[PDB]
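First comes the structure, then the notes that go with it.
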Amino acid sequence: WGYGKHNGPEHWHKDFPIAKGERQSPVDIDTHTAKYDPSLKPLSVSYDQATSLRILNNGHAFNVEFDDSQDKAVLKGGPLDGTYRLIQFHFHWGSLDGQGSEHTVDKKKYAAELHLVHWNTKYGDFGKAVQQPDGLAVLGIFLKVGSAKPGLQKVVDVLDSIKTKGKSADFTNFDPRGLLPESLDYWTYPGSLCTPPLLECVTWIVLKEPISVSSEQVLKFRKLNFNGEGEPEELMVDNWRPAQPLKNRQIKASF
Ligand SMILES: [Zn+2]
């Protein structure tokens with residue numbers, strides 16, 4: 001599985017039949033159809049105690065991993081019940097500014113999308129949580145090209161150190177708070193992992209407000225490689241999945 005012509009998303013169903021299931025992700029968010037749900041509580045993002053450990057190129061993206069052994073960086077409230085702990089964050093991006101996001105808003109595509117992955121602490125570990133319908137909560141953040149995002153520069157400067165698949169680098173004292181938009185207004189819907197095994201265990205929380213990054217910052221993303229060191233160079237670009245059928249599900253809005 002990958003994002004090329006021969007292993008791309010249109011092929012994923014052969015090894016992961018769930019790819020054509022009922023609650024697949026990402027999806028187009030139709031703002032005129034989304035239902036404002038007054039019963040929706042404000043998101044509760046507590047990341048002041050976050051502990052980042054490292055960053056790695058897994059051959060389809062780069063992940064910034066976090067120590068999830070204690071309630072240090074947690075998400076609650078919103079449509080959620082209980083506590084979800086931050087385990088990692090990664091991005092999806094394009095070859096040009098016109099594409100790259102997973103979710104789309106009224107069919108508009110962003111230059112990239114940020115996913116903050118969190119797992120429900122009642123299930124005791126990540127691997128158990130993926131087996132549950134309310135097992136994960138993912139915070140989606142859209143990225144538009146404009147002004148630089150100061151809080152993202154620390155991520156950009158280390159990309160050189162992890163150019164190819166399998167490389168990783170110590171990455172401590174990174175504060176996720178520098179990646180959040182001013183508003184916490186969101187859309188939510190039941191869905192799935194955006195990559196294989198594509199398990200339908202996620203409560204998606206997509207924020208309405210995009211963060212802007214500079215052309216120079218996204219450029220640095222486009223320099224990563226899908227290949228391992230010593231293999232022909234395959235730039236890491238367009239690592240995003242096309243929108244899937246909503247099939248009955250309803251998208252609620254907090255605003
Ligand atoms: Zn993702």
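Ligands are numbered from 1 in the order shown, residues from 1 within each chain, and chains are lettered A, B, ... in the order they appear in the structure tokens.
Once residue 127 of chain A and its same-chain neighbours fewer than 6 positions away are set aside, residues 87, 118, 119, 120, 121, 135, 136, 197, 199 and 201 of chain A remain within 12 Å of it when counting only C-alpha atoms.
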Expected answer as number ranges by chain: residues within 8 Å of ligand 1, only C-alpha atoms and all ligand atoms: A: 90-92, 102, 113-115, 193-195, 240
Kindly save the residues from that selection, with C-alpha atoms included, as a compact mmCIF listing (two decimals), in the first residue's frame.
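Printed below is again-v6.txt as written:
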```txt
# COMPACT_ATOMS: atom_id res chain seq x y z
CA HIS A 90 1.29 13.71 11.33
CA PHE A 91 0.33 15.63 8.20
CA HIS A 92 -1.00 14.85 4.73
CA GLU A 102 -7.91 14.86 3.30
CA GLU A 113 -4.01 18.74 6.91
CA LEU A 114 -2.76 18.04 10.46
CA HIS A 115 -4.07 15.02 12.38
CA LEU A 193 -8.26 5.73 10.20
CA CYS A 194 -7.16 7.74 7.18
CA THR A 195 -4.64 4.98 6.24
CA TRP A 240 -3.69 12.00 0.90
```
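The residue set within 8 Å of residue 156 of chain A, counting only C-alpha atoms and dropping same-chain residues fewer than 4 places from it, reads residues 152, 217, 220 and 221 of chain A.
Within the 9 Å cut-off around residue 112 of chain A, using only C-alpha atoms and omitting residues fewer than 4 positions from it on the same chain, the listed residues are residues 91, 92, 93, 94, 97, 99, 100, 101, 102, 141, 142, 143, 144, 218 and 240 of chain A.
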Write a file of the selected residues as a PDB file, in the first residue's frame, keeping N, CA, C and O atoms.
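Result file selection_29.pdb:
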```
ATOM      1  N   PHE A  91       0.885  14.794   9.246  1.00  0.00           N
ATOM      2  CA  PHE A  91       0.334  15.628   8.197  1.00  0.00           C
ATOM      3  C   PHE A  91       0.120  14.810   6.928  1.00  0.00           C
ATOM      4  O   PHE A  91       0.816  13.814   6.768  1.00  0.00           O
ATOM      5  N   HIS A  92      -0.719  15.301   6.079  1.00  0.00           N
ATOM      6  CA  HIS A  92      -0.999  14.846   4.731  1.00  0.00           C
ATOM      7  C   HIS A  92      -0.769  16.124   3.894  1.00  0.00           C
ATOM      8  O   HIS A  92      -1.185  17.165   4.419  1.00  0.00           O
ATOM      9  N   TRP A  93      -0.128  16.050   2.709  1.00  0.00           N
ATOM     10  CA  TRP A  93       0.171  17.260   1.925  1.00  0.00           C
ATOM     11  C   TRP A  93       0.246  16.902   0.447  1.00  0.00           C
ATOM     12  O   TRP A  93       0.306  15.765   0.053  1.00  0.00           O
ATOM     13  N   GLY A  94       0.262  17.981  -0.395  1.00  0.00           N
ATOM     14  CA  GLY A  94       0.267  17.791  -1.845  1.00  0.00           C
ATOM     15  C   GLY A  94       1.546  18.223  -2.499  1.00  0.00           C
ATOM     16  O   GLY A  94       2.537  18.672  -1.846  1.00  0.00           O
ATOM     17  N   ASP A  97      -0.013  23.747  -3.973  1.00  0.00           N
ATOM     18  CA  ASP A  97      -0.859  24.388  -2.919  1.00  0.00           C
ATOM     19  C   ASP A  97      -2.345  24.088  -3.078  1.00  0.00           C
ATOM     20  O   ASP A  97      -3.056  24.190  -2.032  1.00  0.00           O
ATOM     21  N   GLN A  99      -3.856  21.259  -3.587  1.00  0.00           N
ATOM     22  CA  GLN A  99      -4.296  19.928  -3.067  1.00  0.00           C
ATOM     23  C   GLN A  99      -3.389  19.488  -1.906  1.00  0.00           C
ATOM     24  O   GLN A  99      -2.254  20.040  -1.706  1.00  0.00           O
ATOM     25  N   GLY A 100      -3.897  18.521  -1.195  1.00  0.00           N
ATOM     26  CA  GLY A 100      -3.131  18.019  -0.033  1.00  0.00           C
ATOM     27  C   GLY A 100      -3.918  17.613   1.189  1.00  0.00           C
ATOM     28  O   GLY A 100      -3.508  16.651   1.914  1.00  0.00           O
ATOM     29  N   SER A 101      -5.043  18.309   1.420  1.00  0.00           N
ATOM     30  CA  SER A 101      -5.900  17.972   2.588  1.00  0.00           C
ATOM     31  C   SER A 101      -6.689  16.703   2.237  1.00  0.00           C
ATOM     32  O   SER A 101      -6.830  16.246   1.105  1.00  0.00           O
ATOM     33  N   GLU A 102      -7.125  16.099   3.353  1.00  0.00           N
ATOM     34  CA  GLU A 102      -7.915  14.863   3.300  1.00  0.00           C
ATOM     35  C   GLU A 102      -9.324  15.222   3.251  1.00  0.00           C
ATOM     36  O   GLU A 102     -10.029  14.890   2.268  1.00  0.00           O
ATOM     37  N   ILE A 141      -6.706  19.573  11.393  1.00  0.00           N
ATOM     38  CA  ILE A 141      -6.408  21.007  11.279  1.00  0.00           C
ATOM     39  C   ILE A 141      -5.974  21.216   9.838  1.00  0.00           C
ATOM     40  O   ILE A 141      -5.062  20.480   9.408  1.00  0.00           O
ATOM     41  N   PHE A 142      -6.598  22.071   9.129  1.00  0.00           N
ATOM     42  CA  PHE A 142      -6.304  22.436   7.759  1.00  0.00           C
ATOM     43  C   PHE A 142      -5.163  23.444   7.740  1.00  0.00           C
ATOM     44  O   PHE A 142      -5.019  24.246   8.723  1.00  0.00           O
ATOM     45  N   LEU A 143      -4.310  23.405   6.694  1.00  0.00           N
ATOM     46  CA  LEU A 143      -3.240  24.356   6.573  1.00  0.00           C
ATOM     47  C   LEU A 143      -3.366  25.174   5.299  1.00  0.00           C
ATOM     48  O   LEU A 143      -3.509  24.485   4.246  1.00  0.00           O
ATOM     49  N   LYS A 144      -3.353  26.502   5.365  1.00  0.00           N
ATOM     50  CA  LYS A 144      -3.479  27.292   4.124  1.00  0.00           C
ATOM     51  C   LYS A 144      -2.129  28.006   3.973  1.00  0.00           C
ATOM     52  O   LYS A 144      -1.496  28.240   5.037  1.00  0.00           O
ATOM     53  N   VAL A 218       5.962  24.666   3.769  1.00  0.00           N
ATOM     54  CA  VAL A 218       5.388  23.471   3.105  1.00  0.00           C
ATOM     55  C   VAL A 218       6.376  22.867   2.082  1.00  0.00           C
ATOM     56  O   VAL A 218       6.364  21.671   1.856  1.00  0.00           O
ATOM     57  N   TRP A 240      -2.352  11.754   0.446  1.00  0.00           N
ATOM     58  CA  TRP A 240      -3.694  12.005   0.904  1.00  0.00           C
ATOM     59  C   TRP A 240      -4.689  11.073   0.232  1.00  0.00           C
ATOM     60  O   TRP A 240      -4.405  10.625  -0.888  1.00  0.00           O
TER      61      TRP A 240
END
```
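The residue that comes closest to residue 85 of chain A, out of A:206, A:50, A:18, A:145 and on the basis of only C-alpha atoms, is A:50.
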For residue 213 of chain A, please output as a VMD selection string all residues within 6 Å (counting only C-alpha atoms; exclusion window: fewer than 5 positions along the same chain). chain A and resid 145 to 149
Any chance you could export the current selection's C-alpha atoms as a CSV table (one decimal), in the first residue's frame?
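Wrote again_25.csv, looks like this:
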```csv
chain,number,residue,atom,x,y,z
A,145,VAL,CA,-0.5,29.0,2.5
A,146,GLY,CA,0.1,32.6,3.7
A,147,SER,CA,2.2,33.7,6.7
A,148,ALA,CA,4.7,31.5,8.4
A,149,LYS,CA,3.6,29.6,11.6
```
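With only C-alpha atoms as the atoms that count, the minimum distance from residue 216 of chain A to the choices A:39, A:153, A:52, A:244 is reached by A:153.
Among A:79, A:166, A:140, A:245, the residue with the shortest atom-to-atom distance to residue 208 of chain A, counting only C-alpha atoms, is A:140.
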Excluding segment 68-78 of chain A and residues on its chain fewer than 6 positions from it, collect all residues at most 12 Å away from it, counting only C-alpha atoms, and give them as a ChimeraX atom specification. /A:37-53,84-89,116-122,124-126,136-139,174-177,184-189,203-207,252-255
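Excluding residue 232 of chain A itself and any same-chain residue fewer than 6 positions from it, the protein and nucleic acid residues within 12 Å of it, counting only C-alpha atoms, are residues 164, 225 and 226 of chain A.
Distance-wise, atom CA of residue 58 of chain A and atom CA of residue 167 of chain A end up 7.8 Å apart.
Relative to atom CA of residue 182 of chain A, atom CA of residue 150 of chain A is found at 14.2 Å.
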Go ahead and compute the interatomic distance for atom CA of residue 108 of chain A and atom CA of residue 239 of chain A, in Å to one decimal. 17.3 Å
Kindly assemble as a tab-separated table a list of the segment 67-155 of chain A residues that lie within 7 Å of segment 24-28 of chain A, each paired with its nearest atom pair and their distance in Å to one decimal, using only C-alpha atoms, sorted first by chain and then by ascending residue number.
```
residue	atom	partner	partner_atom	distance
A:102	CA	A:26	CA	5.6
A:103	CA	A:26	CA	5.2
A:104	CA	A:28	CA	4.7
A:105	CA	A:28	CA	5.9
A:106	CA	A:28	CA	6.6
A:107	CA	A:28	CA	6.1
```
Please save N, CA, C and O atoms of the selected residues as a PDB file, in the first residue's frame.
```pdb
ATOM      1  N   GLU A 102      -7.125  16.099   3.353  1.00  0.00           N
ATOM      2  CA  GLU A 102      -7.915  14.863   3.300  1.00  0.00           C
ATOM      3  C   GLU A 102      -9.324  15.222   3.251  1.00  0.00           C
ATOM      4  O   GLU A 102     -10.029  14.890   2.268  1.00  0.00           O
ATOM      5  N   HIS A 103      -9.746  15.931   4.313  1.00  0.00           N
ATOM      6  CA  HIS A 103     -11.154  16.422   4.374  1.00  0.00           C
ATOM      7  C   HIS A 103     -11.208  17.562   3.419  1.00  0.00           C
ATOM      8  O   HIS A 103     -10.070  18.121   3.140  1.00  0.00           O
ATOM      9  N   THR A 104     -12.332  17.907   2.933  1.00  0.00           N
ATOM     10  CA  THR A 104     -12.598  19.005   2.051  1.00  0.00           C
ATOM     11  C   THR A 104     -13.865  19.737   2.634  1.00  0.00           C
ATOM     12  O   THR A 104     -14.723  19.163   3.283  1.00  0.00           O
ATOM     13  N   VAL A 105     -13.921  21.040   2.353  1.00  0.00           N
ATOM     14  CA  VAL A 105     -15.045  21.854   2.844  1.00  0.00           C
ATOM     15  C   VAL A 105     -15.739  22.428   1.633  1.00  0.00           C
ATOM     16  O   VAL A 105     -15.162  23.260   0.921  1.00  0.00           O
ATOM     17  N   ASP A 106     -16.944  21.976   1.407  1.00  0.00           N
ATOM     18  CA  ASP A 106     -17.709  22.439   0.158  1.00  0.00           C
ATOM     19  C   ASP A 106     -16.788  22.220  -1.034  1.00  0.00           C
ATOM     20  O   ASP A 106     -16.703  23.065  -1.958  1.00  0.00           O
ATOM     21  N   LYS A 107     -16.163  21.074  -1.049  1.00  0.00           N
ATOM     22  CA  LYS A 107     -15.315  20.644  -2.091  1.00  0.00           C
ATOM     23  C   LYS A 107     -13.964  21.417  -2.248  1.00  0.00           C
ATOM     24  O   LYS A 107     -13.255  21.169  -3.251  1.00  0.00           O
TER      25      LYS A 107
END
```
Residues of segment 45-239 of chain A in strand (DSSP E), written as a ChimeraX atom specification: /A:45-46,52-57,62-66,74-77,84-93,104-105,112-120,136-145,168-170,186-191,202-207,211-213
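Minimum distance to residue 67 of chain A across A:238, A:198, A:171, A:224 (counting only C-alpha atoms) occurs at A:171.
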